[PDB]
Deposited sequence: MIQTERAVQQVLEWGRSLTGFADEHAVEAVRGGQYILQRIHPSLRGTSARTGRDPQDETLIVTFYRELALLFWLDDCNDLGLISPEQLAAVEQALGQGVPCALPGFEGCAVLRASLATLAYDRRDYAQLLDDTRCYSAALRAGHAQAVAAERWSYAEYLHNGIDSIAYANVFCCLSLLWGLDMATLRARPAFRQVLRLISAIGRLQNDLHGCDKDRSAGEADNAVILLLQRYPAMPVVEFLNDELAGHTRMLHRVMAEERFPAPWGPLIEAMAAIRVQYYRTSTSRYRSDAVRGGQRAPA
């Protein structure tokens, strides 16, 4: 049930300086969307793996990772914590060890849990790898407005900063979806890149838009970026029809394709009178 999950995510978040109620709320809202969409496809691999779709311990863990990502994003974008603290935190999460600075016990707790629950431990090292990649991508995008990046470099970094690769890997880790052997597949790698680019753009259309408008003030940036979103969605579809991926990968990917951020992140923020 929703509020039990939100509160367990929230409770863990108190061991993270800068954590906000919204980080836990956006996480459970997005996570629930993904888990229920893939539920039926997840029941079939359920006998094989023994990983039960409604395993409370697995759900809350998946939501915590999601909250972790939203939090890190804000930390990076809003200065919620200092740059020294962000470095110690990212360093810890990237190796799966406790943070060296006080106030971030949640890093040790979550990585320890992920290690323990890993179906195929190769997913755990991959998640650590994806975590380091995410951190660097967040850094890079930030250092980019403090000349400019090209649309191509932006999108290349954006694919890593949208963290869809981390989301999929955490799902594989908890429900034994064998992403570790699937990624060796060129076409799987290619759609993962497409789905991410779709995510980065869907979000920014709520930054690529500003980046472009500054470079080419006379360019119809919004129409363009909207055509790019349509384009990627079409390429994503073509490939989806020409490749067959074991359950629940097909649904998972399409589930990520439809999830608009309006269902998460930039919609959730604590209320104030104003």
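Item to complete: Residue ranges with no C-alpha coordinates, please: along the deposited sequence, counted from 1, in order.
Response: Residues lacking C-alpha coordinates: 1-2, 149-150, 211-222, 291-300.
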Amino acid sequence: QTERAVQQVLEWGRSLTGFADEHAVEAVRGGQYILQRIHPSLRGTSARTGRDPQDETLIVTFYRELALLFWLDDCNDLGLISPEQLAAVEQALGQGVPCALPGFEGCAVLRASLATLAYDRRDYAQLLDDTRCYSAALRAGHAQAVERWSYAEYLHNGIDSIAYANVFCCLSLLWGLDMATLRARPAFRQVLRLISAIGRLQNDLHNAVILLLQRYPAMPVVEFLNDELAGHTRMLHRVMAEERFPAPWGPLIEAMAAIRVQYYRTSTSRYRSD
From here on, numbers count along this sequence of modelled residues.
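Fill in: Stretch with the higher entry mean CA B-factor, where the candidates are 109-117 and 195-203
Between 109-117 and 195-203, it is 195-203.
Item to complete: May I ask you to compare 126-134 and 185-193 by their mean CA B factor in the entry and name the higher one?
Response: That would be 185-193.
Worksheet item: From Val146, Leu177, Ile162, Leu101, which pick has the Cα B-factor that tops the rest in the entry?
Response: Going by the entry's C-alpha B-factors, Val146 comes out highest.
Item to complete: Would you mind ranking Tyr63 by its C-alpha B-factor against the rest of the chain and naming the third, lowest, middle or highest?
Response: For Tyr63, the deposited C-alpha B-factor lands in the lowest third.
Practice prompt. Quick one: classify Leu252 as lowest, middle or highest third of the chain based on its Cα B-factor.
Written response: Middle third - that is where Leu252 ends up once the chain's C-alpha B-factors are sorted.
Fill in: B-factor third for the C-alpha atom of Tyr33 within its chain
It falls in the middle third of the chain.
Worksheet item: Going by the entry, which third of its chain does the Cα temperature factor of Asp52 land in?
Response: Top third by C-alpha B-factor.
Discussion item. Which third, lowest, middle or highest, does the C-alpha temperature factor of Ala27 belong to within its own chain?
Written reply: Its C-alpha B-factor belongs to the lowest third of this chain's values.
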